[PDB]
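Trainee: Pasting in a structure now, in structure tokens, and then I'll have a few things to ask.
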Amino acid sequence: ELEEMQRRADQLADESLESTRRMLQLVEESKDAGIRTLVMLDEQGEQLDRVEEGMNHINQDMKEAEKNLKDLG
Amino acid sequence: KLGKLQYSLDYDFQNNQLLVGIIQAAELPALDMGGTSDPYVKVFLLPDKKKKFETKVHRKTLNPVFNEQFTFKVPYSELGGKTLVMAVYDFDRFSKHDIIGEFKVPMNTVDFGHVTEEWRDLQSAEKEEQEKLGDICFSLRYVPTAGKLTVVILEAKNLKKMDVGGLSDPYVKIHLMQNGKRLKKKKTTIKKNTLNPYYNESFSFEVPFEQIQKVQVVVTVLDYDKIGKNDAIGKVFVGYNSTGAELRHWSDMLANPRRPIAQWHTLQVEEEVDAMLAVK
Amino acid sequence: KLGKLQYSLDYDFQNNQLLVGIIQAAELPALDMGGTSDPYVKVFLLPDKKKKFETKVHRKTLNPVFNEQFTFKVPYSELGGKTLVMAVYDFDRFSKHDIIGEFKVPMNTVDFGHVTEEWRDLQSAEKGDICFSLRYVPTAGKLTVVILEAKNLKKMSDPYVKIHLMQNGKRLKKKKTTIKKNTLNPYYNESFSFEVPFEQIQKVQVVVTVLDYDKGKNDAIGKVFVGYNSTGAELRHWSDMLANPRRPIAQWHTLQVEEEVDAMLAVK
Amino acid sequence: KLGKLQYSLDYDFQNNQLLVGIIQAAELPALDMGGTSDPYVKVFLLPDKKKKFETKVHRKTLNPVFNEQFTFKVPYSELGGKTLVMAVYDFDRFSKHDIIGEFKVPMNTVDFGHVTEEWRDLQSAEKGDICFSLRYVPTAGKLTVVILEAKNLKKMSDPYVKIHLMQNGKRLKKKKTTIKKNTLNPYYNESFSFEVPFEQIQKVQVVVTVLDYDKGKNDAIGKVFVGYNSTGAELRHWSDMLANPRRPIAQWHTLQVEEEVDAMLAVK
Amino acid sequence: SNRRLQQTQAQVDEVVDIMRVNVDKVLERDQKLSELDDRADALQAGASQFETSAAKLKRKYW
Amino acid sequence: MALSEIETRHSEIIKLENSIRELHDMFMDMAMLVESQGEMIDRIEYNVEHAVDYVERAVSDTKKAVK
Amino acid sequence: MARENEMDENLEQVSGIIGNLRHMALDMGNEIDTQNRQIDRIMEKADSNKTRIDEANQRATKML
Ligand SMILES: [Mg+2]
Ligand SMILES: [Mg+2]
Ligand SMILES: [Mg+2]
Ligand SMILES: [Mg+2]
Ligand SMILES: [Mg+2]
Ligand SMILES: [Mg+2]
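Heads up: the sequence lines are chains Y, W, H, B, G, E and U, in that order. Heads up: the first sequence is residues -4 to 68, going by my numbering. Heads up: the second sequence is residues 3 to 282, going by my numbering. Heads up: the third sequence is residues 1356 to 1623, going by my numbering. Heads up: the fourth sequence is residues 1356 to 1623, going by my numbering. Heads up: the fifth sequence is residues 526 to 587, going by my numbering. Heads up: the sixth sequence is residues 1247 to 1313, going by my numbering. Heads up: the seventh sequence is residues 1063 to 1126, going by my numbering.
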């Protein structure tokens, strides 16, 4: 009973230890995933900016086209 | 080629201590004048280098016999993940004692129960590794048309301790060099008391497409104390006259335009780096 | 079973608008790969196909909590002929958003004035057997329907067989059997006779239904019909009854839903 | 094509026996040297391996007339779980009598009461291609199946491609393409995307089936499956999709019978 | 020292509460992006049609 | 202490590991969604640039047509 | 106690990394919000130009 008890305690100690190691690994993977996520956000962000400039250009061009069609009618 | 080493190993379960006996060594190469060296063996537990044990110095023999014994008061549970190191040194009275050989024994391969005693061939000790052991990660983005260089300092890790009895106070300084001259100067926020500082801070530089192959980007991680000169932890550079993973990251930035590529880099000493930057 | 949905309902007469609140959902079935779905609730009014009101999409929870609120500005007079619809959807990035569940509420049964809040079961939009013998004698005009035995009836069971005789959509005759209690397959062997002339034999409906007996409300297990405008084993058995006079033909039959049967009987 | 068989069927309730009559056969294929076979018909009941009933052997006619009758004394209750077998045999004096054709009739679908008489096609007991590209990105968990083109499809054709996504024997996702009318080889070039996590990638089934379109009943041309428990070019293409991420691999595939495919999918 | 264990636990819970909200917002972003994709396809279609008509009109009034 | 203290320690630690794991999975899903949406943005920008070209040519043509 | 301390160090590192994860989650979420607002803007402008080009195309084909 006693020997099994001490061994049980040391067992729980080891289990908790390796558990914490697993935690370290998991928060590392989380860390990296987060980093690359942010990178993707920057890239896609600049892409969205280019999209906006595209929309503005379209608007101005179609404004001019509207002008020409009103000058033709 | 130096020679072999006969040693003994066993564990006393009655006192819960490791009994390591250094028997002898043979066919050791001669490094001294007389045609024979002055050997002595340093033995210590491989896991933690504490309380290393040294044998007596034998004069002028390439086959020294020590027949000595050392005791490591270590429990049997901790023993399994502990290794043994036996390194043969050559004594010299007027200089550094050169290492002749070394040998490492994993305690998970060792079988206790019968008294072990064997001959093992000595090997050449591994050279000392880099001291810093820190790393800085950032992203590079260059679009050739507008000539914009976007350097985003992401995060550093495993930085060298700079403060007394605690963590460091790191901050990133970015220099842009050309022909040895430091043009632009930028820096980040100061993250206090951190083993791994997270910044996520973007910087932009005006770099024409005609000079892209003649620019130097210098990233430096430094420590911040209010009083006095602020020391430097590490620094790396990418671009003109760069080598390694640095030139790789640079080439990835070039090959991938309108897109930021994030990468890690190993911190080098400022002396060698600045010596490289003074080139051409 | 498609899980349940807790919601709140009340009407504001000061602004003349209906206040429909989506509280939460529970025990939702998993429809995605990882073992959990991405639910979001779509709520709208049946009378008007105004843009549907949808809650925000919650990722990977079989018990999502939305606690959102929607307002449909409709007066109390138009309200009576309206219908509330609350359907739970599953989010998918690369395909059509499959429906987890749905719920319909008639706005004429709903009572406004006190704050309502209830749990309701979601249902799927897609959504026993009785054996008896038929005997018809053209000469005597006697129809002998002998209820033999039922099997695999739905539990809660207390089964008993009711036999009805229909014509041109009207329910003429009604008969029933003894009540066998606590049986998975009740055996009756009870004979019934009907007065059917030879000139109307091609215009009669014989409907045998197995029901459950509670003291209360009369439950329903299953029902089948044979005769005019019948298909399958029913029309077969009928044609056998006709082709073989003065002799009873026994046959098994699979119980159908009452809705479809009554829908077929609605032709008149 | 193995010729046809005209037979008659009815049940006598007075003697409690099944009356199966063999009338004749037509357009029977020649299996013997001289250019004509020596046919005789073997008829028996599947439920009981009682001595088989065989007609007399007619010499050298591809249109034999037997007009024989057989009686199987079996009640109407046992009849429901029985099966009629009528196989046409070829007589050979010095060898095993090779089977010309065979025909199986479930006794639960058969309707007794009116005199039955029908022609039925004999069948042999022994008994198109679709090309598409697969792309899987482990990081984004996106599966890009692009249906490219079918060829040599069976006429009556009106081809269209349906793509299904399965897991553990359950049919999860269903997609389809545009309908190309009157084409021997339809070109689609239509892309589909699926949400598949990296942890279940080794437990998914991608089933691409080319079907025929009538306004009615949906016909079937062919079907193929790729992924778990797959072999041949299918497992190759799958392993190429896995080994080559962020890049689409195009491949051709030969259409298999639906029976074998579903039999392989029945493992779960 | 249970204080550090429970404190770290509270940190983790907080970060979780941040991240689930972030994820939902990302899903909303996926919706908006999808609709923007459809809208962009329709936009470029109309653009091509208008380009063709403009070609005809230029080949008419000049 | 005792076995109760060690057991509760172990329990709370496992709880921490599970919370950590959920956090992890959340980050993974995050990266995934952001990536797929990235591809979506790719094709959006494609369609947009095509639209810009078409509009520009159209405007040039009308501008030459009116005068 | 070595078993316990080793674990203690682990928990401290996990604490720091968790803090960094918090900061990263905040930046992430914020930028996601701002980008969502920007996307809203994009769809507004895109619908505007869609209407513009539809009306303009109709008027253009009208004079044909
Ligand atoms: Mg010396
Ligand atoms: Mg400091
Ligand atoms: Mg989903
Ligand atoms: Mg009941
Ligand atoms: Mg023959
Ligand atoms: Mg067809």
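Here a beta-carbon is modelled for each residue, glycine too, at the ideal position from N, C-alpha and C.
Is any non-hydrogen atom of ligand 5 found closer than 7 Å to the C-beta of B:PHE1449, if you look at the structure I gave you?
Mentor: Within the fourth sequence, the letter at position 94 stands for residue 1449 of chain B. No - ligand 5 has no heavy atom lying nearer than 7 Å to the Cβ of B:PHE1449.
Trainee: For E:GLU1253, count neighbouring Cβ atoms within 10 angstroms of its own Cβ and tell me buried if that reaches 16, exposed if not.
Mentor: Numbered from 1 along the sixth sequence, position 7 holds the residue referred to as residue 1253 of chain E. Per the 10 Å Cβ criterion, exposed.
Trainee: Is it true that the segment 35 to 55 of chain W meets the segment 33 to 52 of chain Y, where meeting means three or more beta-carbon pairs spaced less than 8 Å apart?
Mentor: Two segments are said to touch when three or more pairs of C-beta atoms, one from each, lie closer than 8 Å; by this definition the segment 35 to 55 of chain W does not touch the segment 33 to 52 of chain Y.
Trainee: Closest to H:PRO1552 by CA distance: which of H:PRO1493, H:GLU1613, H:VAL1500, H:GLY1582 is it?
Mentor: Here residue 1552 of chain H is taken as the residue at index 197 of the third sequence, counted from 1. Minimum Cα distance to H:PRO1552 is reached at H:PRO1493.
Trainee: Any residue with its Cβ nearer than 6 Å to a heavy atom of ligand 6 should be included. What is that list in chain order?
Mentor: B:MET1511, B:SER1512, B:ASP1513, B:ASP1567, B:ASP1569, B:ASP1574
Trainee: Mind listing, in chain order, the continuous beta strand (DSSP E) runs of no fewer than 3 residues lying wholly within the segment 62 to 100 of chain W?
Mentor: 67 to 74, 86 to 92
Trainee: Can you give me, in chain order, the residues of the segment 1387 to 1398 of chain H that have a beta carbon less than 7 Å from any beta carbon in chain B?
Mentor: For the segment 1387 to 1398 of chain H, which is checked against every Cβ of chain B, the residues closer than 7 Å are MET1388, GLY1389.
Trainee: Which residue's Cα is closest to the Cα of H:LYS1506: H:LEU1489, H:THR1564, H:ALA1495, H:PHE1425?
Mentor: Counted from its first residue, the third sequence places residue 1506 of chain H at position 151. Comparing Cα positions, the closest option is H:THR1564.
Trainee: What is the DSSP secondary structure of H:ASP1567, reduced to helix, strand or coil?
Mentor: Walking along the third sequence from the start, residue 1567 of chain H turns up at place 212. Three-state DSSP puts H:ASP1567 in a strand.
Trainee: At least one CB of chain E closer than 8 Å to the CB of B:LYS1530: is that the case?
Mentor: Taking the fourth sequence and counting its residues from 1, the one referred to as residue 1530 of chain B is at position 175. By this cut-off, B:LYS1530 is not an interface position.
Trainee: Give a yes or no on whether the minimum CB-CB distance between G:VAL548 and chain H is below 8 Å.
Mentor: Position 23 of the fifth sequence holds residue 548 of chain G. True, the Cβ-Cβ gap to chain H drops below 8 Å.
Trainee: Does the CB of Y:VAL22 have a neighbour CB from chain U at under 8 Å?
Mentor: Counted from its first residue, the first sequence places residue 22 of chain Y at position 27. At least one beta carbon of chain U lies nearer than 8 Å to the beta carbon of Y:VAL22.
Trainee: Spatial neighbours of H:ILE1454 within its chain, please: C-beta separation below 8 Å, excluding the five flanking residues on both sides.
Mentor: If you number the third sequence from 1, residue 1454 of chain H lands on position 99. Same-chain partners within the cutoff: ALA1442, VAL1443, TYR1444, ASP1445, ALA1480.
Trainee: Give a single yes or no on whether H:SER1432 has its beta carbon closer than 7 Å to a heavy atom of ligand 3.
Mentor: In the third sequence, the residue the question calls residue 1432 of chain H occupies position 77. Result no, Cβ not under 7 Å from ligand 3.
Trainee: On the three-state DSSP scale, how would you describe E:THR1254?
Mentor: Along the sixth sequence, one-based indexing puts residue 1254 of chain E at 8. If DSSP states are grouped into helix, strand and coil, E:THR1254 belongs with the helices.
Trainee: Compute the Euclidean distance between the alpha carbons of H:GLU1545 and H:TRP1593, then round it to the nearest angstrom.
Mentor: Translated into positions along the third sequence, residue 1545 of chain H becomes position 190. Translated into positions along the third sequence, residue 1593 of chain H becomes position 238. Going by the C-alpha atoms only, they are around 19 Å apart.
Trainee: With H, G and I counted as helix, E and B as strand and the rest as coil, what does DSSP make of H:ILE1378?
Mentor: Residue mapping note: residue 1378 of chain H aligns to position 23 of the third sequence, counting from 1. H:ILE1378 falls in the strand class under three-state DSSP.
Trainee: Taking U:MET1105 as the reference, give the member of Y:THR15, Y:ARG17, Y:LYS65, Y:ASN54 with the closest Cα.
Mentor: Taking the seventh sequence and counting its residues from 1, the one referred to as residue 1105 of chain U is at position 43. For U:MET1105, the nearest C-alpha among the options comes from Y:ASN54.
Trainee: In the DSSP output, which residue or residues are listed as bridge partners for B:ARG1475?
Mentor: For the purposes of this step, residue 1475 of chain B is identified with residue 120 of the fourth sequence, where counting begins at 1. B:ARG1475 pairs with B:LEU1360.
Trainee: Can you give, in chain order, each stretch of the beta strand (DSSP E) that sits fully within the segment 1507 to 1543 of chain B and has at least 3 residues?
Mentor: As far as the segment 1507 to 1543 of chain B is concerned, its whole beta strand (DSSP E) runs of at least 3 residues are 1514 to 1522, 1525 to 1531.
Trainee: Tell me H:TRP1593's beta-bridge partners as DSSP assigns them.
Mentor: On the third sequence, position 238 is the one that residue 1593 of chain H refers to. According to DSSP, H:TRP1593 bridges with nothing at all.
Trainee: Cβ of residue 295 of chain W less than 8 Å from any chain Y Cβ?
Mentor: In the structure as shown, chain W starts at 3 and stops at 282, and residue 295 of chain W therefore has no counterpart that could be examined.
Trainee: Taking the beta carbon of B:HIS1469 as the centre, do at least 16 other beta carbons fall within 10 Å, making it buried, or is it exposed?
Mentor: Indexing the fourth sequence from 1 puts residue 1469 of chain B at position 114. Exposed, by the Cβ-count rule.
Trainee: With 8 Å set as the bound, which would you pick, yes or no: does the beta-carbon of H:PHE1449 sit closer than that to a beta-carbon of chain B?
Mentor: Residue 1449 of chain H sits at position 94 when you count from the first residue of the third sequence. At least one chain B Cβ lies under 8 Å of H:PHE1449.
Trainee: Closest Cβ-Cβ distance between H:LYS1406 and chain G: below 8 Å?
Mentor: Taking the third sequence and counting its residues from 1, one reaches residue 1406 of chain H at position 51. So, not an interface residue.
Trainee: Consider the Cβ of W:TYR200: report whether some Cβ of chain U lies at a distance smaller than 8 Å.
Mentor: Start at 1 with the first residue of the second sequence, and residue 200 of chain W comes out as number 198. Answer yes: the Cβ-Cβ gap between W:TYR200 and chain U drops below 8 Å somewhere.
Trainee: Is the CB of U:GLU1074 under 8 Å away from at least one CB in chain Y?
Mentor: The residue given as residue 1074 of chain U occupies position 12 in the seventh sequence. So no, U:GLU1074 is outside the interface.
Trainee: Counting contacts by CB-CB distance shorter than 8 Å, is B:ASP1367 in contact with chain H?
Mentor: Residue numbering aside, residue 1367 of chain B sits at position 12 when the fourth sequence is read from its first letter. Chain H, which has no Cβ nearer than 8 Å to the Cβ of B:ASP1367, makes this no.
Trainee: Can you pull the chain U neighbours of W:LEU197, defined as C-beta to C-beta under 8 Å?
Mentor: Taking the second sequence and counting its residues from 1, one reaches residue 197 of chain W at position 195. Simply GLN1075, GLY1078.
Trainee: For Y:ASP56, count the other beta carbons within 10 Å of its own beta carbon; 16 or more makes it buried, fewer makes it exposed. Which is it?
Mentor: Position 61 of the first sequence, counting from 1, holds the residue named residue 56 of chain Y. When all chains shown are included, Y:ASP56 counts as buried.
Trainee: Keeping to the same chain, check which residues put their C-beta closer than 6 Å to that of W:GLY103; ignore five residues upstream and five downstream.
Mentor: As a first step, residue 103 of chain W is located in the second sequence; it is residue number 101 there, counting from the start. Within the same chain, W:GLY103 has close Cβ partners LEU4, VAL90, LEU124.
Trainee: DSSP three-state call for W:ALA234: helix, strand or coil?
Mentor: On the second sequence, residue 234 of chain W is found 232 positions in, with the first residue counted as 1. When DSSP states are grouped into helix, strand and coil, W:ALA234 belongs to the strand group.
Trainee: Quick check on Y:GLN55: does DSSP put it in helix, strand or coil?
Mentor: As a working mapping, residue 55 of chain Y is identified with position 60 in the first sequence. If DSSP states are grouped into helix, strand and coil, Y:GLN55 belongs with the helices.
Trainee: Of the residues H:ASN1573, H:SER1585, H:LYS1536, which one's Cα is nearest the Cα of H:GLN1557?
Mentor: In the third sequence, counting from the first residue as 1, residue 1557 of chain H sits at position 202. Nearest C-alpha to H:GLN1557: H:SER1585.
Trainee: Would you say Y:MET18 and E:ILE1266 are within 8 Å of each other, going by their C-beta atoms?
Mentor: Looking up residue 18 of chain Y in the first sequence gives position 23. Looking up residue 1266 of chain E in the sixth sequence gives position 20. The answer is yes: Cβ separation under 8 Å.
Trainee: Since G:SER573 meets chain U, which of its residues come closer than 9 Å, beta carbon to beta carbon?
Mentor: Taking the fifth sequence and counting its residues from 1, one reaches residue 573 of chain G at position 48. Ordered by position in chain U, no residue passes the 9 Å Cβ test against G:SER573, which lies about 10 Å from the chain.
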